[PDB]
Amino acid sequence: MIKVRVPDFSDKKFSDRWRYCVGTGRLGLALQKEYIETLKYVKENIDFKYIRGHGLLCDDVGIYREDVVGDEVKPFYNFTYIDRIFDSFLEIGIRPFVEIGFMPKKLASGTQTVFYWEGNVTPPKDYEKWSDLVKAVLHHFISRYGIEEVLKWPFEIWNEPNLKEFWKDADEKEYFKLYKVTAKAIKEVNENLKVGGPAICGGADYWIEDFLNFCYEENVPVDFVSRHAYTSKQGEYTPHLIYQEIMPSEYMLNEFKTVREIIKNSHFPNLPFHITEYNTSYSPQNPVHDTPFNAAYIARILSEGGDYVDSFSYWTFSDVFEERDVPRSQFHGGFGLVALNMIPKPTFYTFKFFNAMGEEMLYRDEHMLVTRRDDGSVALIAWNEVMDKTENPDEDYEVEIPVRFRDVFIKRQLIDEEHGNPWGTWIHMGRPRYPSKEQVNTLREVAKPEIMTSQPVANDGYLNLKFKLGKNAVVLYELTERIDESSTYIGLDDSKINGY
């Protein structure tokens, strides 16, 4: 097995940076009833601070318009939708991690678009008009939400401009020009608004180096660096899905650690660092996302990720997504922590379990995290992902947890391939594309972790836990102080009940 003796003293500290932000589909989809039910649902379980998605400036949200009064062409800024959208984000208690872009149609210089919803990926045919666009939006936000509020929303400029698909010809030099005009426009409204970039994705860190040199040398303000991180190798698309190999979690944590260095060695060594987007597969159609595997895999990233970054946003919170057309089945490898019909995927409970963690970090290794809360209670999260096809995935443990109590109440929650695996049951049902109300209900019933309570006594100050982790399992133990009130029940004796 694997024996461990969790030390009674706290050296390091565990932060809630893992729940600072979550990813989402384009802001236009936030108008959907399904979207908001899920957001509320998710917020009642995980207290994410911000939400990050594309499309703020796309035409479905329809902010940028133009009116013709003869020969005169004046721009018109329509806020009917982002108002409703941002109003609903705040109502639920979540701030927007604004991402400026993409390029509105009546402002584009080219015709290249991206995704099924076709967002324009070309630069403005007139940066002057673009600058006024940006300023008109911020002023409006300030106008409706107050400067104190807006001041808390960071502004990421564009998305993966290092890719030909998101930025015309990956024109690095043009991006920096976009960054400057926008960073300037924003700071014009209020010098305190947070702005950053480059929003690139793994495999072009030189972009961040140039991005930071560019700002220093051209005197462009930067408030934070932005980047994405995934671990899926190349795969070939089916007209339905893609399967990819997932590199171990270690390689993502290195990318975090790496880009951290590039920042501390730049002219802005103290800039905050935000992984504005992460997950295993970078495709909205890879079933890895629906598997109990994805949950055990991410478990580690939530465990260590916060040591190197200021925040890392899981892409995404819901399957309400359209980049590759409308989903075509209950389960389809969508990014979301929650599937359609608010059916929590196992990855959802990994996040849920981390709500149990406390400030004091007592122990931690590649597959386990043990912390202590304010009240003195302890919580442990172990996870056993199976990266390969082993015959014996199992893993036994025997952890000695220190406890300031003698009588310990134990609450155990388990998530593996047999528990909290709606995807597995979906298969049992025959992979229905459009399940019926009852199939959906059965799924919802299955989509809950297994809970086991118990009650042991800690001797010599330590409680010894023994347990086995099945394939891709993830377990959480919360050990609190048990204060028995049994002696208060005059005549209490369960043995006086038939069979007990």
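Start at 1 with the first residue shown and count on from there.
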*Could you check which stretch, 400 to 408 or 100 to 108, carries the larger mean CA temperature factor in the entry?*
400 to 408
*State which stretch shows the higher mean Cα B factor in the entry: 87 to 95 or 369 to 377.*
369 to 377
_Residue with highest C-alpha B-factor in the PDB entry, from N459, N45, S436, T442_ = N459
_By the CA temperature factor listed in this entry, which of these ranks top: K257, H228, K152, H140?_
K257
*Would the CA B-factor of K168 place it in the lowest, middle or highest third of its chain?*
highest
_Where does the C-alpha B-factor of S10 rank in its chain, lowest, middle or highest third?_
highest
*asked:* Going by the CA temperature factor in the PDB record, which third of the chain does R300 belong to: lowest, middle or highest?
replied: middle
*By the record's CA B-factor, is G70 among the lowest, middle or highest third of residues in the chain?*
highest
*In terms of the CA temperature factor given in the entry, to which third of its chain does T38 belong: lowest, middle or highest?*
lowest
